[PDB]
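What follows is one structure encoded as structure tokens, with my remarks underneath.
Number of protein chains: 2
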Amino acid sequence: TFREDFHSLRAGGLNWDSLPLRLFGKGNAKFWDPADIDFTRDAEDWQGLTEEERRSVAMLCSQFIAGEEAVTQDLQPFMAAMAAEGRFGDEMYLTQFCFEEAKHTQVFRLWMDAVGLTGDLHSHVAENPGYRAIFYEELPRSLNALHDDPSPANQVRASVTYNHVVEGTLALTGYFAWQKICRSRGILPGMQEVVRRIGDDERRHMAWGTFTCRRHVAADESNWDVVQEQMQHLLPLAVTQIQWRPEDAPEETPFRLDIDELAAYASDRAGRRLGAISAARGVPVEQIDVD
Amino acid sequence: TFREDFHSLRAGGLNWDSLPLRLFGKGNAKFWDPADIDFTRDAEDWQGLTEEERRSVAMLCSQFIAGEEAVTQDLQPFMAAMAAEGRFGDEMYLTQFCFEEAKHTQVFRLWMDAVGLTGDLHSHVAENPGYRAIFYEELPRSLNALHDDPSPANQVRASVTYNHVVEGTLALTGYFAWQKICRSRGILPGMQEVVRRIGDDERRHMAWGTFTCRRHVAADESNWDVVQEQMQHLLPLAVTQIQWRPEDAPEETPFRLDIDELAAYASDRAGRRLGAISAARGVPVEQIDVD
Ligand SMILES: CCCCCCCCCCCCCCCC(=O)O
Ligand SMILES: CCCCCCCCCCCCCCCC(=O)O
Ligand SMILES: [Fe+3]
Ligand SMILES: [Fe+3]
Ligand SMILES: [Mn+3]
Ligand SMILES: [Mn+3]
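Respectively, the protein sequence lines represent chains A and A'. A prime marks a further copy of an entry chain.
The number in the authors' numbering is simply the position in the first sequence, starting from 1, with 5 added.
The number in the authors' numbering is simply the position in the second sequence, starting from 1, with 5 added.
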């Protein structure tokens, strides 16, 4: 009762022109190893930051690494959904995606080790109601709903949560924050490289999510309503996450950052996700999903 | 009800000395891209083979690619089991493992495309009762049993099936067969490279499986009885798979292969798996699993 054929033995083999398999090939060509990045200069720069600056960097790094860990775990029901859909190229892509998230977890962990952020860091994520809502609750709920029901609507809700909010709104805003922190000051060249490489990977993750939502919208435009509903539900939580300040928080945010600017940037990113997905409305599904 | 902390934010971070994380690092250092292998000479060699030789090579290649596809899908419940055990380093490793199997599927598919094996090839696996029993039935049954019950005993049964039989008995015998086919004749240099690279990856897969079984045996030596029972159940099926001949089968196996020699080699590989796992009997678990 488990398997009756193999996609890889069908006539015509695997469709290398499919979006997931093109992304798989790009990810192989662009592979990078966290172990090759030297963090010694970052450790020196870390010592020159003020305490308030270290706290803000630790908070951003903690939000990132916990998020990379979360997606590493929470993507897995999508792999099983693609197995149920019979979509083996998408399943293959998701294996690379998931591994890439484990590798992102690794790289942040190595950076933290290098600068000495080796105590318990949960206070930087667990006290933020927006972060908790997304990464402790909404992300795993939406992705695990695919186990009992891998319907197009649930796939779109899961992809909006994972690819269009967690990645395509929050991670992108985080990369912008890192750029503001590091470029203004010429600090943390290792982290600058991390951000470049993880961002390269993220563009493929986001392309997969855009493809997933587009093909479902093309097949049944009711799924566009689902995309908008899920985004309207989640975006306020993402904005809350960005605007949160700890009890210990300085009146002046370090690095001359404007947290409300970050929130506005995030809203713009979310709008771009919606716009990309909206382009599939009225397109025949076979022109998006060659399969 | 889904997540309450993050392994990556705990004091002491991730334990890079753990076996799974050492393997993860090795896999990153040894990454290879299927797209970098030139199969043009293999295509020329393919044209010089007899029909009977092509049929035998197609059979071996089909058994491999379908097996790579099977493990790509069927490993995934182990990732969820490690999430349940709270074993995040093992989960990270399994993401690389799973991706590597997708990449093995890719490389065989590219080789098949290059030589022109692009029709339906199910006749080469679906008619073999040993192959069917393992790859259609026993592998997915044993691995999916971890969803409702990720107990040590079920983990050992799943790892014996996946790592010690599918990989550590059958794949290793298949690599030996490829070596016999290609080295005796100086043919298929692309496939020779494929076999070297996939074999390198397999040694890490098998090391993970050896570790998994060892730590469970060390914790509860009743799991040694489970290892032996599962191996005694599966090895006859693996031998049947190797000895199978199609209806169309020549009286003389091509390439001067002796199928019963391959079966004996497989039995020796299985014995080596058991011997490796048996070394954990009586070892305190903390000396295997530093965690
Ligand atoms: C100092 C103020 C910082 C404000 C916070 C900016 C938003 C950071 C969000 C990080 C979430 C990380 C998600 C990772 C997901 C992925 O890797 O695929
Ligand atoms: C011409 C006779 C050939 C005899 C068959 C030899 C055995 C081949 C078995 C191949 C199984 C492949 C399993 C792959 C698993 C993995 O990649 O992890
Ligand atoms: Fe991502
Ligand atoms: Fe393997
Ligand atoms: Mn990431
Ligand atoms: Mn393999």
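Each residue gets a CB set at the ideal place from its N, CA and C atoms; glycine is no exception.
With a CB to CB cut of under 6 Å and the five nearest residues on each side skipped, what residues in its chain are close to residue i?
i, result
"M97(A')", "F29"
"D294(A)", "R220"
"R202(A)", "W37"
"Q101(A')", "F29 and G32"
Closer than 7 Å by C-beta to residue i: which residues in its own chain qualify, once you throw out the five before and the five after it? Chain order, please.
i, result
"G195(A)", "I42, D43, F44, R46, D47 and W116"
"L126(A)", "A63 and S67"
"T77(A)", "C103, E106, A107 and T110"
"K35(A)", "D205"
"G94(A)", "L19, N20, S23, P25 and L26"
"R286(A)", "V222, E226 and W229"
"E207(A)", "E172 and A176"
"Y270(A')", "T178 and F181"
"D296(A')", "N20 and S23"
"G53(A)", "none"
"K185(A')", "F260 and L262"
"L193(A)", "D47, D50 and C187"
"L99(A)", "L80, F83, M84 and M87"
"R209(A')", "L28, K31 and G32"
"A89(A)", "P155"
I need the boundaries of the alpha helix (DSSP H) containing residue i, first residue and last residue.
i, result
"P25(A)", "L24 to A34"
"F260(A')", "Unbroken run through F260(A'): none, as it is neither H nor E."
"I192(A')", "It is not in any alpha helix (DSSP H) - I192(A') carries neither H nor E in the DSSP assignment."
"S67(A)", "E56 to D79"
"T166(A')", "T166(A') -> no alpha helix (DSSP H), and no H or E assigned at all."
"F102(A')", "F93 to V120"
"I42(A')", "No alpha helix (DSSP H) holds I42(A'); DSSP gives it neither H nor E."
"residue 1(A')", "This structure cannot settle anything about residue 1(A'), because the visible part of chain A' is limited to 6 through 296."
"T245(A')", "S227 to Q248"
"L126(A)", "No alpha helix (DSSP H) contains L126(A), which DSSP labels as neither H nor E."
"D38(A)", "No alpha helix (DSSP H) holds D38(A); DSSP gives it neither H nor E."
"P289(A)", "Segment: none, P289(A) is in no alpha helix (DSSP H) and carries neither H nor E."
"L148(A')", "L144 to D153"
Measure the beta-carbon distance from residue i to residue j and round it to whole angstroms, keeping in mind my assumption that it falls under 8 Å.
i, j, result
"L24(A')", "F216(A')", "5 Å"
"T174(A)", "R278(A)", "7 Å"
"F140(A')", "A75(A')", "5 Å"
"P155(A')", "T245(A')", "Actually they are not in contact, since the Cβ atoms of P155(A') and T245(A') sit about 30 Å apart, beyond 8 Å."
"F11(A)", "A71(A')", "4 Å"
"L242(A)", "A163(A)", "In fact, because the Cβ distance is near 16 Å, the residues do not count as touching under 8 Å."
"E58(A)", "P259(A)", "5 Å"
"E142(A)", "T166(A)", "With a Cβ gap of about 11 Å, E142(A) and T166(A) do not count as contacting."
"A40(A')", "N33(A)", "6 Å"
"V120(A)", "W51(A)", "4 Å"
"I247(A)", "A281(A)", "Contact flag wrong, Cβ pair sits at about 21 Å."
"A86(A')", "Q160(A')", "6 Å"
"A16(A)", "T55(A')", "Rounded, the Cβ-Cβ distance is 24 Å, inconsistent with contact."
Leaving out five residues on either side along the sequence, give the residues of the same chain with a beta carbon under 8 Å from the beta carbon of residue i.
i, result
"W21(A)", "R27 and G30"
"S128(A)", "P251"
"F113(A')", "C66, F69, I70, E73 and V199"
"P145(A)", "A75, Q78 and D79"
"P157(A)", "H221, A224, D225 and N228"
"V290(A)", "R220, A223 and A224"
"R188(A')", "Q197"
"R190(A)", "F260"
- Task: With ligand 2 as the reference, list in chain order each residue whose Cβ lies under 7 Å from any of its heavy atoms.
- Result: The chain-ordered list of residues whose CB is nearer than 7 Å to some heavy atom of ligand 2 reads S61(A'), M64(A'), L65(A'), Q68(A'), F69(A'), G72(A'), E73(A'), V76(A'), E106(A'), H109(A'), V171(A'), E172(A'), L175(A'), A176(A'), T178(A'), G179(A'), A182(A'), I203(A'), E207(A'), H210(A'), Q246(A'), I247(A'), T258(A'), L262(A'), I264(A') and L267(A').
- Message: Quick test of the definition: if touching needs 3 or more C-beta pairs under 8 Å, does the segment 175–190 of chain A' touch the segment 226–238 of chain A'?
- Response: Contact between the segment 175–190 of chain A' and the segment 226–238 of chain A' is absent, with fewer than three C-beta pairs closer than 8 Å.
- Message: For the structure I just gave you, are there three or more beta carbon pairs, one from the segment 78–88 of chain A' and one from the segment 143–157 of chain A', closer than 8 Å?
- Response: Because the criterion of three Cβ pairs below 8 Å is met, the segment 78–88 of chain A' and the segment 143–157 of chain A' touch.
- On the three-pair Cβ rule with 8 Å, is the segment 195–207 of chain A touching the segment 263–271 of chain A? Below 8 Å, too few C-beta pairs join the segment 195–207 of chain A and the segment 263–271 of chain A to call them touching: fewer than three.
- Task: Could you tell me whether the segment 205–215 of chain A touches the segment 236–253 of chain A, using the rule of 3 or more Cβ pairs below 8 Å?
- Result: As far as the Cβ criterion goes, the segment 205–215 of chain A does not touch the segment 236–253 of chain A, which means the pair count is below three.
- Using 8 Å as the Cβ pair cut-off and three pairs as the minimum, do the segment 158–174 of chain A and the segment 267–277 of chain A touch? Touching, yes.
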